[PDB]
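Data block below; observations after.
Written out as structure tokens, the structure reads:
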């Protein structure tokens with residue numbers, strides 16, 4: 294089994310910059326290497342074949358080079374749409390193995406999140422559940438903190454967070470925080486707060502409600 | 046154009062078998078191999094094997110030689126892959142692919158088939174409307190198994206300010222949410238509906254968000 298090591302695993306680059314991915318083979322695979330681009334929710338897309346040959350329709354900013362054991366893939370000037378995971382592959386000897394991928398992230402200006410809290414709906418209460426959903430939309434960078442100060446006391450149980458894939462247009466991340474608990478647990482307290490601690494502001498963005506307003 | 050159309054998502058029990066299909070169109074089916082490729086979130090991409098439709102000639106990755114069986118039916122222009130003795134390690138998105146000219150292998154891809162191997166029960170989602178210039182509206186999609194669920198807003202008409210988040214698995218049930226930011230003048234004056242589709246349970250739920 295010919296092992297392929299792709300480097301780096303992750304990459305952050307601004308629109309207009311140049312980026313190079315390297316692909317190393319455990320043994321000589323001549324020029325039988327292909328490069329694939331896969332955007333979220335889509336099948337892989339062939340960009341470069343035969344190490345250095347551009348596939349039909351692919352832009353001139355994408356290039357590949359190499360022979361034997363060392364292979365390179367280059368984007369001369371990155372576009373906002375180039376956000377994807379990039380794979381190399383050897384096809385010199387079976388089984389035809391892929392690299393581990395390189396996830397390409399886009400650098401943009403720092404963005405403060407639009408925060409919004411949501412009380413459990415009457416229809417969920419009916420079922421015996423109580424989920425408090427806090428949305429944190431369109432921010433940069435991805436690194437963000439959420440604290441749940443229920444009546445001044447912190448809560449770490451039932452809190453589930455989920456980041457969106459980076460936006461292909463404006464390069465931003467969105468993140469949901471959900472505090473799930475039982476109906477009667479929701480009924481025992483009153484003030485529910487989700488606070489967003491982010492590097493763009495020392496004073497965290499607060500959003501709160503009371504059970505009956 | 047050349048097109049590869051794969052079958053819908055499957056939930057299958059550990060130890061059982063599943064058979065996935067890849068319908069080809071826009072070319073001579075017996076002229077090309079049909080390749081199968083495995084995709085796990087933390088494992089990357091793996092080539093399983095090919096079938097040559099007509100003869101039914103076959104080639105496998107050593108890794109999959111006992112696990113996978115590849116066939117093709119020339120009359121319906123569809124290739125198949127059967128996976129036997131299933132483990133959670135077989136849970137993956139499975140693709141079919143086809144090569145182009147000479148050295149342009151894996152040029153054409155299928156859309157993928159999500160296979161979930163689990164003993165857990167198929168459960169439909171419970172969908173809850175989330176209500177509170179621009180106004181952010183939400184939609185809570187809770188307690189379903191297995192993946193996936195597709196969420197559209199106004200039947201995909203308000204796909205501008207939408208942020209649908211990846212689901213989280215908790216004790217054999219998935220839950221996700223989708224937010225949509227719309228101008229304050231539009232809501233509540235014009236209606237907003239969250240459309241939720243869950244293929245496994247063959248359930249569709251439309252939830253109008255209200256003040």
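Protein chains in written order, with the numbering used here: chain H, 294 to 506; chain E, 46 to 256. A virtual CB, placed ideally from N, CA and C, is assigned to each residue, including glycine.
Helix, strand or coil at residue i according to DSSP, with G and I counted as helix
i, result
"residue 377 of chain H", "strand"
"residue 251 of chain E", "strand"
"residue 419 of chain H", "helix"
"residue 480 of chain H", "helix"
"residue 75 of chain E", "helix"
"residue 294 of chain H", "coil"
"residue 363 of chain H", "strand"
"residue 64 of chain E", "strand"
"residue 405 of chain H", "coil"
"residue 307 of chain H", "strand"
"residue 485 of chain H", "strand"
"residue 201 of chain E", "coil"
"residue 89 of chain E", "strand"
"residue 331 of chain H", "strand"
"residue 505 of chain H", "coil"
Chain E residues whose Cβ lies nearer than 9 Å to that of residue i
i, result
"residue 505 of chain H", "Those do not exist, as residue 505 of chain H stays about 15 Å from chain E at its closest Cβ, beyond 9 Å."
"residue 339 of chain H", "145, 149, 150, 151, 152, 153 and 154"
"residue 388 of chain H", "91, 92, 93, 94, 105, 106, 107, 108 and 109"
"residue 343 of chain H", "147, 148 and 149"
"residue 404 of chain H", "Near residue 404 of chain H there are no residues of chain E at all, since even the closest Cβ is about 14 Å away, more than 9 Å."
"residue 417 of chain H", "171, 173, 185 and 187"
Neighbour list for residue i in chain H, Cβ cutoff strictly below 9 Å
i, result
"residue 102 of chain E", "Here the premise fails: no neighbours, minimum Cβ distance about 14 Å."
Residues bridged to residue i (per DSSP)
i, result
"residue 342 of chain H", "H:346"
"residue 448 of chain H", "H:441"
"residue 228 of chain E", "E:179"
"residue 241 of chain E", "E:196 and E:250"
"residue 425 of chain H", "H:472"
"residue 80 of chain E", "E:95 and E:142"
"residue 490 of chain H", "H:438"
"residue 208 of chain E", "E:224"
"residue 319 of chain H", "Bridge partners of residue 319 of chain H: none, in fact."
"residue 189 of chain E", "E:219"
"residue 466 of chain H", "H:432"
"residue 456 of chain H", "H:468"
Interface flag, residue i vs chain B, CB-CB below 8 Å
i, result
"residue 491 of chain H", "The structure shown has no chain B; the protein chains it does contain are H and E."
Cross-chain neighbours of residue i in chain H, by beta carbon under 8 Å
i, result
"residue 175 of chain E", "411, 414 and 426"
"residue 181 of chain E", "407, 409, 428 and 430"
"residue 140 of chain E", "336 and 337"
Proximal residues of chain E, C-beta to C-beta of residue i below 7 Å
i, result
"residue 393 of chain H", "89"
"residue 509 of chain H", "Residue 509 of chain H lies beyond the residue range present for chain H, which begins at 294 and ends at 506; the question has no answer from this structure."
"residue 423 of chain H", "Within chain E, no residue comes near residue 423 of chain H; the closest Cβ sits about 11 Å away, beyond 7 Å."
Chain H contact residues for residue i, given Cβ-Cβ distances below 7 Å
i, result
"residue 248 of chain E", "Simply none; closest approach about 16 Å."
"residue 208 of chain E", "430, 457 and 467"
"residue 211 of chain E", "455"
Under 8 Å by beta carbon: chain E residues contacting residue i
i, result
"residue 319 of chain H", "Residues of chain E passing the Cβ test: none, with the nearest at roughly 16 Å."
"residue 420 of chain H", "171"
>> What ranges does the beta strand (DSSP E) occupy inside the region 96 to 183 of chain E, keeping only unbroken runs of at least 3 residues that lie completely in it?
In response: Segments of the beta strand (DSSP E) lying fully in the region 96 to 183 of chain E: 102 to 105, 113 to 118, 123 to 128, 137 to 143, 158 to 162 and 171 to 175.
> Which residues, in order along the region 213 to 228 of chain E, keep a beta-carbon less than 8 Å from a beta-carbon of chain H?
Replying inline: From the region 213 to 228 of chain E, only 213, 215, 220, 221, 222, 224 and 226 have a Cβ closer than 8 Å to chain H.
>> If the cut-off is 7 Å on Cβ atoms, which residues from the region 61 to 89 of chain E count as contacting chain H, listed in chain order?
In response: Residues of the region 61 to 89 of chain E with a C-beta atom less than 7 Å from some C-beta of chain H are 89, listed in chain order.
> Relative to chain H, which residues along the region 155 to 170 of chain E have a C-beta separation below 7 Å, given in chain order?
Replying inline: Correct list: 155, 156 and 157.
> Which residues, in order along the region 349 to 382 of chain H, keep a beta-carbon less than 7 Å from a beta-carbon of chain E?
Replying inline: Those residues of the region 349 to 382 of chain H placed with their C-beta closer than 7 Å to a C-beta in chain E are 380, ordered along the chain.
> Looking at chain E, which residues of the region 462 to 487 of chain H have a Cβ within less than 9 Å of any of its Cβ atoms?
Replying inline: For the region 462 to 487 of chain H, which is checked against every Cβ of chain E, the residues closer than 9 Å are 467, 468, 469, 471 and 473.
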